[PDB]
file query-v4.txt (compact mmCIF, C-alpha atoms)
# COMPACT_ATOMS: atom_id res chain seq x y z
CA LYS A 5 0.00 0.00 0.00
CA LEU A 6 2.58 2.50 -1.23
CA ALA A 7 2.23 5.95 -2.80
CA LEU A 8 5.49 6.80 -4.58
CA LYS A 9 6.53 9.92 -6.50
CA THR A 10 10.03 9.67 -7.97
CA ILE A 11 11.95 12.85 -8.82
CA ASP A 12 15.08 13.26 -10.92
CA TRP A 13 17.32 14.15 -7.90
CA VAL A 14 18.86 17.18 -9.65
CA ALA A 15 16.42 19.71 -8.18
CA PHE A 16 16.97 17.89 -4.88
CA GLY A 17 20.51 19.22 -5.15
CA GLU A 18 19.33 22.61 -6.41
CA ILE A 19 16.81 22.98 -3.58
CA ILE A 20 18.79 22.54 -0.34
CA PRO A 21 20.40 25.13 1.97
CA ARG A 22 24.00 25.14 3.15
CA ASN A 23 22.64 24.69 6.70
CA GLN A 24 21.07 21.28 6.02
CA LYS A 25 23.31 19.99 3.22
CA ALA A 26 24.88 17.26 5.37
CA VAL A 27 21.48 16.18 6.71
CA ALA A 28 20.17 16.22 3.13
CA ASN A 29 23.07 13.94 2.17
CA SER A 30 22.14 11.66 5.07
CA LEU A 31 18.46 11.61 4.08
CA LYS A 32 19.36 11.05 0.41
CA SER A 33 21.74 8.15 1.10
CA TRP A 34 19.31 6.68 3.63
CA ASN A 35 16.49 6.97 1.09
CA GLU A 36 18.67 5.26 -1.54
CA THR A 37 19.45 2.44 0.90
CA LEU A 38 15.78 2.20 1.86
CA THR A 39 14.63 2.04 -1.78
CA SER A 40 17.16 -0.75 -2.36
CA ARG A 41 15.87 -2.47 0.80
CA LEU A 42 12.36 -2.23 -0.65
CA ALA A 43 13.61 -3.65 -3.95
CA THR A 44 15.26 -6.63 -2.25
CA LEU A 45 12.01 -7.79 -0.73
CA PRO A 46 9.31 -9.63 -2.68
CA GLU A 47 5.79 -8.88 -1.56
CA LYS A 48 4.86 -11.98 0.49
CA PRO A 49 5.71 -15.68 0.79
CA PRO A 50 2.86 -18.14 0.18
CA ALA A 51 0.58 -19.29 2.97
CA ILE A 52 1.74 -22.23 5.08
CA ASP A 53 0.12 -25.41 3.79
CA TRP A 54 -1.69 -27.69 6.22
CA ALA A 55 -2.52 -30.90 4.34
CA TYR A 56 1.18 -31.75 4.00
CA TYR A 57 2.01 -30.55 7.52
CA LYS A 58 -1.10 -32.28 8.87
CA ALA A 59 -0.06 -35.56 7.26
CA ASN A 60 3.54 -35.18 8.46
CA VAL A 61 2.92 -33.95 12.01
CA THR A 62 0.99 -36.75 13.70
CA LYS A 63 0.47 -34.63 16.84
CA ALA A 64 -3.31 -34.45 17.03
CA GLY A 65 -4.89 -31.07 17.73
CA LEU A 66 -1.64 -29.20 17.07
CA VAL A 67 -1.90 -28.84 13.29
CA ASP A 68 -5.51 -27.61 13.34
CA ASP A 69 -4.65 -25.40 16.34
CA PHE A 70 -1.77 -23.74 14.48
CA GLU A 71 -3.90 -23.54 11.32
CA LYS A 72 -6.65 -21.70 13.23
CA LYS A 73 -4.28 -19.43 15.16
CA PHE A 74 -2.16 -18.61 12.09
CA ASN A 75 -4.65 -18.27 9.25
CA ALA A 76 -6.89 -16.10 11.44
CA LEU A 77 -3.95 -14.00 12.64
CA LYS A 78 -3.97 -10.37 11.52
CA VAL A 79 -1.66 -7.52 12.55
CA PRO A 80 -2.05 -3.84 11.63
CA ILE A 81 0.32 -1.57 9.74
CA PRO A 82 2.70 0.34 12.08
CA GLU A 83 1.33 3.87 12.25
CA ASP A 84 2.99 7.18 11.37
CA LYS A 85 1.68 10.33 13.21
CA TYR A 86 4.24 12.31 11.12
CA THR A 87 2.63 12.79 7.67
CA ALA A 88 0.37 15.52 9.09
CA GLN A 89 3.43 17.39 10.40
CA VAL A 90 5.27 16.93 7.09
CA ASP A 91 2.31 18.21 5.06
CA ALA A 92 1.67 21.16 7.41
CA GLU A 93 5.35 22.15 7.30
CA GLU A 94 5.08 21.77 3.51
CA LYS A 95 2.15 24.21 3.47
CA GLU A 96 4.01 26.66 5.74
CA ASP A 97 7.16 26.68 3.62
CA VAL A 98 4.98 27.06 0.52
CA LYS A 99 3.33 30.12 2.11
CA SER A 100 6.70 31.63 3.06
CA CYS A 101 7.93 30.78 -0.44
CA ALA A 102 4.89 32.57 -1.89
CA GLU A 103 5.58 35.77 0.03
CA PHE A 104 9.21 35.43 -1.11
CA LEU A 105 7.76 35.01 -4.62
CA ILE A 106 5.74 38.24 -4.49
CA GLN A 107 8.70 40.15 -3.00
CA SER A 108 10.87 38.95 -5.88
CA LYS A 109 8.13 40.06 -8.29
CA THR A 110 8.20 43.59 -6.84
CA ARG A 111 12.01 43.54 -6.96
CA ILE A 112 12.16 42.51 -10.62
CA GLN A 113 9.50 45.12 -11.46
CA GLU A 114 11.65 47.84 -9.88
CA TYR A 115 14.62 46.47 -11.85
CA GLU A 116 12.65 46.75 -15.09
CA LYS A 117 11.57 50.29 -14.16
CA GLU A 118 15.20 51.36 -13.70
CA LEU A 119 16.21 49.62 -16.93
CA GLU A 120 13.47 51.29 -18.98
CA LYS A 121 14.56 54.59 -17.44
CA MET A 122 18.19 53.93 -18.33
CA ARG A 123 17.66 52.89 -21.95
CA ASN A 124 15.52 56.02 -22.47
CA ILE A 125 18.24 58.45 -21.42
CA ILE A 126 19.38 61.81 -22.83
CA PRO A 127 22.01 60.89 -25.47
CA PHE A 128 24.84 62.82 -23.64
CA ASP A 129 24.83 65.52 -26.32
CA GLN A 130 21.92 67.35 -24.70
CA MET A 131 23.02 66.43 -21.18
CA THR A 132 23.67 69.12 -18.62
CA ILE A 133 25.79 68.58 -15.53
CA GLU A 134 22.67 68.95 -13.38
CA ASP A 135 20.71 66.38 -15.38
CA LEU A 136 23.72 64.06 -15.25
CA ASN A 137 23.70 64.37 -11.47
CA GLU A 138 19.93 63.81 -11.50
CA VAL A 139 20.13 60.61 -13.56
CA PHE A 140 22.52 59.15 -10.98
CA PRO A 141 23.83 60.75 -7.75
CA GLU A 142 27.06 58.71 -7.71
CA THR A 143 29.00 61.59 -9.27
CA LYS A 144 27.43 64.54 -7.45
CA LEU A 145 29.82 66.99 -5.83
CA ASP A 146 28.42 66.94 -2.30
CA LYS A 147 29.49 70.49 -1.27
CA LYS A 148 29.42 69.40 2.39
CA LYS A 149 32.91 68.87 3.91
CA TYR A 150 34.15 70.12 0.52
CA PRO A 151 32.20 73.38 0.15
CA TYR A 152 34.80 75.28 -1.90
CA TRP A 153 35.98 74.97 -5.44
CA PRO A 154 36.43 72.28 -6.57
CA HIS A 155 34.21 70.11 -4.43
CA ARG A 156 36.47 67.06 -4.48
CA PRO A 157 39.86 66.91 -2.75
CA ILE A 158 42.60 67.89 -5.17
CA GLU A 159 44.54 64.61 -5.01
CA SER A 160 41.53 62.78 -6.51
CA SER B 113 16.42 31.87 -11.47
CA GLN B 114 15.20 32.37 -7.91
CA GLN B 115 11.66 32.23 -9.37
CA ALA B 116 12.61 28.86 -10.90
CA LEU B 117 13.82 27.62 -7.51
CA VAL B 118 10.55 28.89 -5.98
CA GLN B 119 8.60 26.75 -8.47
CA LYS B 120 10.48 23.56 -7.59
CA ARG B 121 9.55 23.69 -3.89
CA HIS B 122 7.41 20.55 -3.85
CA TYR B 123 10.19 17.99 -4.35
CA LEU B 124 12.06 17.85 -1.02
CA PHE B 125 8.85 17.42 0.95
CA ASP B 126 7.74 14.71 -1.48
CA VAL B 127 11.05 12.93 -0.81
CA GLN B 128 10.29 13.01 2.92
CA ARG B 129 6.73 11.77 2.26
CA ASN B 130 7.63 8.76 0.15
CA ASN B 131 10.62 8.02 2.41
CA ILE B 132 8.26 7.67 5.38
CA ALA B 133 5.75 5.66 3.30
CA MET B 134 8.44 3.24 2.08
CA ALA B 135 9.87 2.83 5.59
CA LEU B 136 6.45 1.99 7.03
CA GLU B 137 5.57 -0.43 4.22
CA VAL B 138 8.94 -2.18 4.60
CA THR B 139 8.29 -2.44 8.35
CA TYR B 140 4.87 -4.04 7.83
CA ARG B 141 6.31 -6.49 5.31
CA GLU B 142 8.98 -7.33 7.90
CA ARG B 143 6.17 -8.08 10.37
CA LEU B 144 4.69 -10.45 7.78
CA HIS B 145 8.00 -12.18 6.98
CA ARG B 146 8.81 -12.44 10.70
CA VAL B 147 5.63 -14.22 11.77
CA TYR B 148 6.02 -16.48 8.71
CA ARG B 149 9.54 -17.28 9.99
CA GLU B 150 8.50 -18.22 13.51
CA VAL B 151 5.52 -20.39 12.51
CA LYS B 152 7.85 -22.01 9.96
CA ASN B 153 10.26 -22.64 12.86
CA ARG B 154 7.53 -24.27 14.98
CA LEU B 155 6.35 -26.64 12.25
CA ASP B 156 9.86 -27.57 11.12
CA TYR B 157 10.86 -28.22 14.74
CA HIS B 158 7.92 -30.60 15.22
CA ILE B 159 8.77 -32.36 11.94
CA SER B 160 12.44 -32.77 12.89
CA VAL B 161 11.52 -34.07 16.37
CA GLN B 162 9.23 -36.66 14.77
CA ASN B 163 11.99 -37.62 12.32
CA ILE C 327 44.02 -27.50 -9.22
CA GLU C 328 46.51 -26.18 -6.70
CA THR C 329 50.23 -25.90 -7.25
CA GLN C 330 52.83 -25.62 -4.50
CA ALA C 331 54.79 -22.33 -4.24
CA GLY C 332 53.25 -21.39 -7.59
CA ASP C 333 55.36 -24.01 -9.41
CA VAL C 334 53.43 -24.46 -12.64
CA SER C 335 56.25 -26.71 -13.91
CA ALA C 336 55.25 -29.60 -11.58
CA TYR C 337 54.03 -32.87 -13.05
CA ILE C 338 50.28 -32.69 -12.35
CA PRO C 339 49.92 -28.98 -13.34
CA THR C 340 51.76 -29.52 -16.64
CA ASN C 341 49.61 -32.58 -17.40
CA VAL C 342 46.33 -30.90 -16.51
CA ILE C 343 47.21 -27.66 -18.31
CA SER C 344 48.13 -29.77 -21.35
CA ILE C 345 44.80 -31.61 -21.48
CA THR C 346 42.56 -28.59 -20.84
CA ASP C 347 42.34 -25.53 -23.01
CA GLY C 348 40.71 -22.84 -20.87
CA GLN C 349 42.64 -22.07 -17.71
CA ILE C 350 42.19 -19.37 -15.06
CA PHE C 351 45.39 -18.49 -13.24
CA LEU C 352 45.32 -17.04 -9.79
CA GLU C 353 48.58 -15.75 -8.64
CA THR C 354 48.20 -15.00 -4.90
CA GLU C 355 50.19 -11.76 -4.52
CA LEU C 356 47.21 -9.95 -6.02
CA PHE C 357 45.02 -11.56 -3.37
CA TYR C 358 47.11 -9.99 -0.65
CA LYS C 359 47.50 -6.84 -2.75
CA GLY C 360 43.80 -6.22 -3.02
CA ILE C 361 41.95 -7.49 -6.10
CA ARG C 362 39.27 -10.12 -5.47
CA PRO C 363 38.87 -12.67 -7.12
CA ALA C 364 42.62 -12.85 -7.46
CA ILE C 365 43.03 -13.68 -11.13
CA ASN C 366 46.59 -12.77 -11.92
CA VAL C 367 45.90 -12.74 -15.41
CA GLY C 368 48.18 -12.88 -18.45
CA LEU C 369 48.99 -16.48 -17.68
CA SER C 370 45.24 -17.20 -17.87
CA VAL C 371 43.75 -17.75 -21.32
CA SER C 372 40.50 -19.03 -22.83
CA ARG C 373 41.08 -20.54 -26.27
CA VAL C 374 37.44 -20.26 -27.33
CA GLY C 375 37.61 -16.52 -26.61
CA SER C 376 34.96 -14.23 -28.06
CA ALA C 377 32.88 -17.15 -29.32
CA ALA C 378 31.75 -17.85 -25.74
CA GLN C 379 30.65 -14.29 -24.94
CA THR C 380 27.41 -12.47 -25.45
CA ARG C 381 27.35 -9.99 -28.32
CA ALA C 382 27.33 -6.99 -25.95
CA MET C 383 30.32 -8.19 -23.90
CA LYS C 384 32.15 -8.90 -27.16
CA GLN C 385 31.35 -5.38 -28.40
CA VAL C 386 32.69 -3.86 -25.17
CA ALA C 387 35.45 -5.97 -23.64
CA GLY C 388 38.08 -6.67 -26.30
CA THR C 389 39.68 -3.25 -26.13
CA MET C 390 39.67 -3.76 -22.35
CA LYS C 391 41.86 -6.87 -22.70
CA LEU C 392 44.20 -5.15 -25.17
CA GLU C 393 44.40 -2.11 -22.88
CA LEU C 394 45.22 -4.28 -19.87
CA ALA C 395 48.01 -5.92 -21.89
CA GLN C 396 49.40 -2.47 -22.78
CA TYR C 397 49.04 -1.32 -19.15
CA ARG C 398 50.83 -4.36 -17.72
CA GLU C 399 53.83 -4.06 -20.03
CA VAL C 400 54.20 -0.28 -19.63
CA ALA C 401 53.96 -0.51 -15.83
CA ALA C 402 56.46 -3.38 -15.90
CA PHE C 403 59.14 -1.39 -17.64
CA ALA C 404 58.17 2.00 -16.12
CA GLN C 405 58.19 0.77 -12.52
CA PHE C 406 60.57 3.64 -11.70
CA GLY C 407 59.31 6.33 -14.06
CA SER C 408 61.16 5.50 -17.28
CA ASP C 409 59.29 7.96 -19.51
CA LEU C 410 56.00 9.65 -18.59
CA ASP C 411 54.32 11.42 -21.46
CA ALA C 412 50.55 11.90 -21.61
CA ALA C 413 50.17 8.48 -23.25
CA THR C 414 51.92 6.56 -20.45
CA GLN C 415 49.93 8.27 -17.69
CA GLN C 416 46.81 7.59 -19.80
CA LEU C 417 47.75 3.90 -19.94
CA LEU C 418 48.44 3.70 -16.20
CA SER C 419 45.25 5.64 -15.41
CA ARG C 420 42.97 3.43 -17.50
CA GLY C 421 44.80 0.32 -16.32
CA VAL C 422 44.49 1.11 -12.61
CA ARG C 423 40.83 2.11 -13.00
CA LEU C 424 39.97 -1.14 -14.82
CA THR C 425 41.95 -3.03 -12.16
CA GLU C 426 39.60 -1.61 -9.57
CA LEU C 427 36.68 -2.39 -11.87
CA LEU C 428 37.59 -6.08 -11.77
CA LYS C 429 37.39 -6.26 -7.96
CA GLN C 430 34.31 -8.13 -6.76
CA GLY C 431 33.15 -9.38 -3.38
CA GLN C 432 32.76 -13.01 -2.40
CA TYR C 433 29.51 -14.89 -3.14
CA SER C 434 27.97 -11.99 -5.08
CA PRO C 435 27.61 -12.90 -8.76
CA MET C 436 25.89 -10.44 -11.07
CA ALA C 437 24.16 -10.97 -14.39
CA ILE C 438 25.63 -10.24 -17.81
CA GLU C 439 23.70 -7.00 -18.41
CA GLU C 440 25.03 -5.25 -15.30
CA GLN C 441 28.52 -6.37 -16.33
CA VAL C 442 28.03 -4.83 -19.78
CA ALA C 443 26.79 -1.65 -18.07
CA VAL C 444 29.69 -1.35 -15.63
CA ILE C 445 32.48 -2.24 -18.09
CA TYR C 446 30.80 0.26 -20.45
CA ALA C 447 31.13 2.82 -17.66
CA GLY C 448 34.78 1.86 -17.22
CA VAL C 449 36.17 1.40 -20.74
CA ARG C 450 34.17 3.96 -22.73
CA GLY C 451 35.49 6.96 -20.82
CA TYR C 452 33.73 8.56 -17.85
CA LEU C 453 35.97 7.03 -15.20
CA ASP C 454 39.50 7.83 -16.33
CA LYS C 455 40.05 10.82 -14.02
CA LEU C 456 38.04 9.84 -10.94
CA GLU C 457 40.42 9.00 -7.98
CA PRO C 458 41.00 5.19 -8.00
CA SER C 459 40.07 4.65 -4.34
CA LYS C 460 36.54 5.81 -5.22
CA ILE C 461 35.83 3.04 -7.76
CA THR C 462 34.14 0.68 -5.26
CA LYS C 463 31.58 3.22 -4.07
CA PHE C 464 31.06 4.02 -7.75
CA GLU C 465 30.29 0.31 -8.27
CA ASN C 466 27.81 0.20 -5.38
CA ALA C 467 25.94 3.40 -6.22
CA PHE C 468 25.97 2.57 -9.95
CA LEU C 469 24.46 -0.87 -9.44
CA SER C 470 21.92 0.67 -7.04
CA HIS C 471 21.00 3.28 -9.69
CA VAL C 472 20.64 0.79 -12.54
CA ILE C 473 18.69 -1.73 -10.45
CA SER C 474 16.57 1.15 -9.14
CA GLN C 475 15.03 2.68 -12.25
CA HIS C 476 16.59 0.87 -15.23
CA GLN C 477 15.28 -2.69 -15.10
CA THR C 478 13.42 -2.68 -18.43
CA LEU C 479 16.46 -1.26 -20.22
CA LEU C 480 18.60 -4.08 -18.84
CA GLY C 481 15.88 -6.42 -20.06
CA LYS C 482 16.30 -4.86 -23.49
CA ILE C 483 20.07 -5.40 -23.29
CA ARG C 484 19.95 -9.03 -22.17
CA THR C 485 17.08 -10.09 -24.45
CA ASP C 486 18.09 -8.18 -27.57
CA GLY C 487 21.57 -9.68 -27.40
CA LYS C 488 23.63 -6.83 -28.80
CA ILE C 489 23.72 -3.47 -27.06
CA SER C 490 21.90 -1.33 -29.60
CA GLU C 491 22.92 2.17 -30.65
CA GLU C 492 19.99 3.82 -28.86
CA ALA C 493 20.89 1.74 -25.82
CA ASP C 494 24.53 2.73 -26.42
CA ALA C 495 23.80 6.47 -26.33
CA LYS C 496 21.35 5.87 -23.48
CA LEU C 497 24.10 4.17 -21.45
CA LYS C 498 26.31 7.14 -22.36
CA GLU C 499 23.65 9.54 -21.06
CA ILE C 500 22.98 7.51 -17.90
CA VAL C 501 26.68 7.21 -17.05
CA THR C 502 27.07 10.96 -17.68
CA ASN C 503 24.08 11.74 -15.44
CA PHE C 504 25.52 9.39 -12.85
CA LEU C 505 28.93 11.04 -13.14
CA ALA C 506 27.12 14.27 -12.22
CA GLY C 507 25.30 12.50 -9.37
CA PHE C 508 28.66 11.01 -8.34
CA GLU C 509 30.25 14.45 -8.25
CA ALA C 510 27.16 15.60 -6.39

call {"tool": "encode", "arguments": {"input": "query-v4.txt", "output": "structure tokens"}}
result
Amino acid sequence: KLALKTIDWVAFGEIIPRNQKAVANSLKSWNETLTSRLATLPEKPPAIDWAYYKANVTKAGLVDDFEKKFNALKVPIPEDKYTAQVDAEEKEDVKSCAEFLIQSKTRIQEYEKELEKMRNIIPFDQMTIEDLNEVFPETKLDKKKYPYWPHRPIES
Amino acid sequence: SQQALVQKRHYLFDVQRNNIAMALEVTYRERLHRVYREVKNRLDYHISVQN
Amino acid sequence: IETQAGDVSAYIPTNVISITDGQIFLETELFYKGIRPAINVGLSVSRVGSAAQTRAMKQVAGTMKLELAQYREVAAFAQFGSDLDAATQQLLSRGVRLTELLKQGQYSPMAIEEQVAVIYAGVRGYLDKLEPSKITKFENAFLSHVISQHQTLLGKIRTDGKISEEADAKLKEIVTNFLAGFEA
């Protein structure tokens, strides 16, 4: 009763942090070993026959006793109580990843705004010094702590 | 590229999910194999004692 | 048949080598040196040769035998570093890597299709510069990979006989992907 979803294990490497890279290696190698351990087991052996073991074992009562106590023996699947935590933590990291998504959308929109500004620039033939300081303030003479002419220190 | 890594965020958690599912199914199959082993032991012991 | 002190020239080994044609020679110094099973090799010969192989193993493992012959003789005269060009270090690299390919644990035989896959991963590139102590973990993870999601392709290899050209480029792609996952 297995529900399996195999991934290509490249995005598993692209998806992990530096903080949990060793634990991701441990979980990856343990999952590889556990998939191989699944693959080594066939699904079930056949049921224990009772005509042959009833004819062999002459101990009366014992063969029908073991037949009744074995063929009417059922044991449940060992439970989990962890899938709910895994799915809720999945939903929480998806919600944090969605707010990270919308913040990156605003960031790339501001990038595109600056780029469409910068392609549509004065072609430097009509450019004044004041408009060149307006288009970027990297090169503005500050005139504070250098308030005299020229407004850089001379050695620069 | 960070958008592309945002899109792929349903793979790690799927690896944890099917890891837990495979571990539990292997454990139940080990229950099955184990009780088969001990009832096998009982019947073979009775047969060898009779022999 | 066992000899005593490796003396092949004794009466019973000369008689029983003379009657048989195939013979597998173990010298023992490779058993204590590290390869298992300890075929020390060039003394061993099978006279029926490629006629008793599958078509895939014949397509892959003849250049391996010729390369091991080249490797043995160049290591034998360049024990001390006689002349090391790029060709001699290529020969020693491919020879040492195939030497660690031929190591195999006790009581673990594998089928022919996994052998074609792993000697394909060893002879057709993709392992020549990969740190010869790491060949055994490469073996384990490679067999785990191919038994994990490549069972029908191995069925194609063992039932079709020859390793087909689509299967050839597919083995190339899978060993390249696994080289990435091995340097991952």

call {"tool": "atom_distance", "arguments": {"input": "query-v4.txt", "atom1": "atom CA of residue 131 of chain B", "atom2": "atom CA of residue 35 of chain A"}}
result
6.1 Å

call {"tool": "closest_residue", "arguments": {"input": "query-v4.txt", "among": "C:373, C:424, C:393, C:454", "to": "residue 347 of chain C", "atoms": "all atoms listed in the file"}}
result
C:373

call {"tool": "interface_residues", "arguments": {"input": "query-v4.txt", "of": "chain C", "to": "chain A", "cutoff": "9 Å", "atoms": "only C-alpha atoms", "output": "JSON, numbers by chain"}}
result
{"C": [467, 470, 471, 473, 474, 507, 510]}

call {"tool": "atom_distance", "arguments": {"input": "query-v4.txt", "atom1": "atom CA of residue 431 of chain C", "atom2": "atom CA of residue 460 of chain C"}}
result
15.7 Å

call {"tool": "atom_distance", "arguments": {"input": "query-v4.txt", "atom1": "atom CA of residue 388 of chain C", "atom2": "atom CA of residue 452 of chain C"}}
result
18.0 Å

call {"tool": "closest_residue", "arguments": {"input": "query-v4.txt", "among": "C:377, C:364, C:483, C:472", "to": "residue 503 of chain C", "atoms": "all atoms listed in the file"}}
result
C:472

call {"tool": "closest_residue", "arguments": {"input": "query-v4.txt", "among": "C:362, C:384, C:420, C:391", "to": "residue 487 of chain C", "atoms": "all atoms listed in the file"}}
result
C:384

call {"tool": "interface_residues", "arguments": {"input": "query-v4.txt", "of": "chain B", "to": "chain A", "cutoff": "8 Å", "atoms": "all atoms listed in the file", "output": "PyMOL selection string"}}
result
chain B and resi 115+117-118+120-141+144-145+148+151-152+155+158-159+162

call {"tool": "residues_around", "arguments": {"input": "query-v4.txt", "residues": "residue 479 of chain C", "least_positions_apart": "3", "cutoff": "12 Å", "atoms": "only C-alpha atoms", "output": "list in words"}}
result
residues 439, 440, 443, 472, 473, 474, 475, 476, 482, 483, 484, 485, 486, 489, 490, 492, 493, 494, 496, 497 and 500 of chain C

call {"tool": "residues_around", "arguments": {"input": "query-v4.txt", "residues": "residue 430 of chain C", "least_positions_apart": "3", "cutoff": "9 Å", "atoms": "only C-alpha atoms", "output": "PyMOL selection string"}}
result
chain C and resi 361-363+426-427+434-435+462

call {"tool": "residues_near_point", "arguments": {"input": "query-v4.txt", "point": "(25.4, -12.7, -19.4)", "cutoff": "9 Å", "atoms": "all atoms listed in the file", "output": "PyMOL selection string"}}
result
chain C and resi 379-380+382-383+436-442+484

call {"tool": "decode", "arguments": {"input": "query-v4.txt", "residues": "segment 367-394 of chain C", "atoms": "C-alpha atoms", "output": "short mmCIF file (atom, residue, chain, number, x, y, z; two decimals), in the first residue's frame"}}
result
data_model
loop_
_atom_site.label_atom_id
_atom_site.label_comp_id
_atom_site.auth_asym_id
_atom_site.auth_seq_id
_atom_site.Cartn_x
_atom_site.Cartn_y
_atom_site.Cartn_z
CA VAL C 367 45.90 -12.74 -15.41
CA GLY C 368 48.18 -12.88 -18.45
CA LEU C 369 48.99 -16.48 -17.68
CA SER C 370 45.24 -17.20 -17.87
CA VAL C 371 43.75 -17.75 -21.32
CA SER C 372 40.50 -19.03 -22.83
CA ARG C 373 41.08 -20.54 -26.27
CA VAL C 374 37.44 -20.26 -27.33
CA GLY C 375 37.61 -16.52 -26.61
CA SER C 376 34.96 -14.23 -28.06
CA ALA C 377 32.88 -17.15 -29.32
CA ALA C 378 31.75 -17.85 -25.74
CA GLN C 379 30.65 -14.29 -24.94
CA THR C 380 27.41 -12.47 -25.45
CA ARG C 381 27.35 -9.99 -28.32
CA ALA C 382 27.33 -6.99 -25.95
CA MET C 383 30.32 -8.19 -23.90
CA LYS C 384 32.15 -8.90 -27.16
CA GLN C 385 31.35 -5.38 -28.40
CA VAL C 386 32.69 -3.86 -25.17
CA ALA C 387 35.45 -5.97 -23.64
CA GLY C 388 38.08 -6.67 -26.30
CA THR C 389 39.68 -3.25 -26.13
CA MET C 390 39.67 -3.76 -22.35
CA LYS C 391 41.86 -6.87 -22.70
CA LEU C 392 44.20 -5.15 -25.17
CA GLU C 393 44.40 -2.11 -22.88
CA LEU C 394 45.22 -4.28 -19.87
#
